[PDB]
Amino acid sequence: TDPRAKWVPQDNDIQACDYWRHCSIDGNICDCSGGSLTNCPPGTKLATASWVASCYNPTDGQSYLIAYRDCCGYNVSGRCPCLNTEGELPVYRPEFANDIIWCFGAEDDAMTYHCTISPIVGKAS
């Protein structure tokens, strides 16, 4: 609730903005509009582009590479809005930038933003 304080990850609620994997999420958690943590809601199109972050997992003390992928071709969901910025760099380091609509590669050239999934893509560093 203190938005300026260091962000404190938890590994117990994926729909909350402090879930560990959402460390550099921007927009809306897909799990809140019929997607899941790592899948898009029906009717939307999964981008192949991502921005990444190394997100600390309180649980195993390990850092994981989370490659956020957008689910596209719908109007923004309006549910579980979240913006975190752990390790988020400015647009000129696009690989780590999260204002960008990461919808590239999405079916049907879908480019509108609906929500963001939080898959692990490897070990950090």
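Counting begins at 1, following the sequence as shown.
For the two regions 81-89 and 29-37, the entry's Cα B-factors average higher over 81-89. The mean C-alpha temperature factor is higher for 53-61 when 38-46 and 53-61 are set side by side.
In this PDB entry, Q10 carries a Cα temperature factor that places it within the highest third of its chain's modelled residues.
Among all modelled residues in this chain, the alpha-carbon of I100 has a temperature factor (C-alpha) in the middle third.
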